[PDB]
Structure formats: C-alpha cells, structure tokens
C-alpha cells in the first residue's frame, strides 16, 4: 500500500486520457472536413442534373428531391454530431500563474520513468536548466504537454535505447526538446507496454501537412498555441531520429 504511487498512477492515467481526449477532437475535426468533400461532390453533380431537368414531370422531381434530402440529412448529421461537440472547446482556455520550472521538469521526468519508460527499458538522459527559473503559464497544461511529448518519444523507442530531454530557458522562451530514435516495430508491438492505443501509435506514422502534428501530440500543439508558443516535431518513420520541440514565452 503506497498512496504516493497511487497518486502517480492516477496522474499518468489522467494525462493519457487528456492526450486521447485531444486526439478525439482532431478525429472529429478531420471527420467533419473529410466527409464534406463527397457531400460537396454529390451536391454539385446533383445541381448539374437539377439545371438540365427544370422541365421535369413529377416523378423526376420527386427522385431529385430524394437525392437532395439524402445530402441535407448528411449535412445536418455532421452539424449535429461532429461539429456541435466542439462548439466551445475549439479555443483552449488556460490559467497562467508563476511556477518553478525545474520541479515540474523533475516531476515530469519521474512520472514518465514510473509510468512507462522503466518498464520499456528506455533510458531518459535529462539536461535541465540550472538555477531556479520560473514561468508564468498554466502549470497543469504544461505538465500534460511535457508528459505527452516525452511519453510519445518513449513509445517510439526500442528497449535499450535512450531518449534525450533537454530544456532551456533564457529571457525570451522556455524550450523543451525531446529526441528519440524511432523503432516502428516497438511502437506497434502488442506485447510491449503502451500508454496510448494502437490507432494513436499507427496514426503517428502517417505523413501530414507542415502545419500539422501527429494526433497523439494534439494536446501539445493546442497547449503551446494557448500560451502563445509553438510545438513541432519531425515526421515519425522507422529508423529516424526525431526531435519534438515545445516553446512557450517566459
């Protein structure tokens, strides 16, 4: 019986659910966007028919109205089911307050080791800022963002390999760099412990537009943007050395 380990398990589980929660926001957003493309196509081809059949007997008009109804019902479903759940969530609210950066980094380090990296035989080499720098930011959201980047890099790492966790903080920006060497086999291996589900670990390997990050990292991107900072990573691919970078103003 250990209540301090109970707390770390609960916090790691909380953070994994937050990362999965932001991934589902991306899925809803992508689903809403991608499902409209065939609808636009159905509509514009139906418009071609409407125009060429303005002089149509009742049965042709009824059938064309059937096509139009099928389109309208899909539009309303997308509005009602995929866009509505994100009405107020699209803009991420945060609460900035000062906190000592180094203890948060220490806690993050300890948490990823406790919850995944130790089990996975992935070492984490940490380079942490000296002195006692502080940051005005949402400590809980930054904690989640740091945990998500670091845990994603551990997830992409095979046993015996290392992840580097370097964080700096000058007068301009506080920047966290997490670097890993990507093992696609370990990332997909059902036999190994994982923090994220299989879809998130598959989705990671897809290519995407430059503005976009892996969906399991969506929390990091939105937290970075809410603080007026940035988040980026190089593409995950087998054998790649990938750095994930989180910068927020100090």
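Positions refer to the first chain, counted from 1.
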query	finding
Of 168-176 and 87-95, the one with larger mean CA B-factor	87-95
Average Cα temperature factor in the PDB entry - higher stretch of 127-135, 100-108	127-135
Given 202, 208, 51, 33, the residue at which the Cα B factor reaches its maximum	51
CA B-factor placement of residue 38, once the chain's modelled residues are sorted into thirds	lowest
Third assignment of residue 198 from its chain's C-alpha B-factors	lowest
Residue 59, C-alpha B-factor rank within chain (lowest, middle or highest third)	highest
Chain-wide C-alpha B factor ranking for residue 223, given as lowest, middle or highest third	lowest
Assigned third (lowest, middle, highest) for the C-alpha B factor of residue 190	highest
